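Two separate entries follow, structure 1 and structure 2, each one form of the same protein chain as structure tokens.
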Structure 1
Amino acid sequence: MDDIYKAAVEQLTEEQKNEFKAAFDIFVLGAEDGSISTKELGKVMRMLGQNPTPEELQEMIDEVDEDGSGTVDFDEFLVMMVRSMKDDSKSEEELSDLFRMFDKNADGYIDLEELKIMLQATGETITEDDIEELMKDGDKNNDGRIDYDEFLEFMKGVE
């Protein structure tokens, strides 16, 4: 259960969380569930010049529904806001060059070894946790190594 957005929310300042709430609280005004139903999302969408069908709308809810409620709550809304939040621009080309800087032995696989040395090269006091962790996410095959493709999938959306 590790996502690039979950960290997004967590780093939201109290100043940010506070304003998103007033936005949310105004967003669900009129709702009996006190949450975002298609009724609410279509309203705001229409304020934004768009008239989605009830389907496409509920579909956007699902995009973030975690409880099968078929609606959006404040925490789910917070996620939604950071997803559309980043104007994040890195190219598979940039990452491909970085890949090669991880593969100290040039085998075409960032392995458990090089990962630690690498993760170590960065001023952060690394623990066996960070190591155990980082390799887990990247290791889509967990074949002890991290190949090109999943390295891309790995750094996808990273500053």
Structure 2
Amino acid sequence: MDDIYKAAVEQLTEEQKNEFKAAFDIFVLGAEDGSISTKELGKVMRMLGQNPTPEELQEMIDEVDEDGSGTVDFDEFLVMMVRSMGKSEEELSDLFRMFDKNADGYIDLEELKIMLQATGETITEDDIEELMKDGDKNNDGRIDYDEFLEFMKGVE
């Protein structure tokens, strides 16, 4: 569910990234490290018609703290913004059978490559590589039903 937000971050118009940087620079008005700590996220949340706790405040900082410095910087702030802007499990099961062509109950690399070529789009050696090691989260050359669910989180 993570690398679905970085895509939305990547496809932000530079006119959207401008408004966010502008709104981010008001956010951090008067912070030492120039970043959203708990004071900054505190004010703008309680003044946004809310009132979260100091503990509950950090779990929004740490939900997008890919730095660990308790402060949401601008790049983490874009991920925080796109997080608040999929496919049902019962429906993903019906499609899991379409991949598993030999009907064994797993999705090996060959079944993935056949679907990729059937997309009509030009597949590369590196598209196939990154996708398989993204879905196969224990490196057994195959994607069982439980991983395929994690693989298709939020995919339209």
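Each form is matched to the other, and the largest set of C-alpha atoms that superpose within 1.5 Å is called the rigid core. Residue positions are counted from 1 along structure 1's sequence.
Peer 1: Superposing on the rigid core, is the Cα displacement of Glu66 between structure 1 and structure 2 2 Å or more?
Peer 2: Superposed on the core, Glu66 moves its C-alpha 2 Å or more between structure 1 and structure 2.
Peer 1: Rigid core superposed, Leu57 Cα shift between structure 1 and structure 2 in Å?
Peer 2: After core superposition, the C-alpha of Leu57 moves 1.7 Å between structure 1 and structure 2.
Peer 1: Taking the rigid core as fixed, quantify in angstrom how much the C-alpha of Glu19 shifts between structure 1 and structure 2.
Peer 2: Comparing between structure 1 and structure 2 after core fitting, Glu19 shifts 0.8 Å at its C-alpha.
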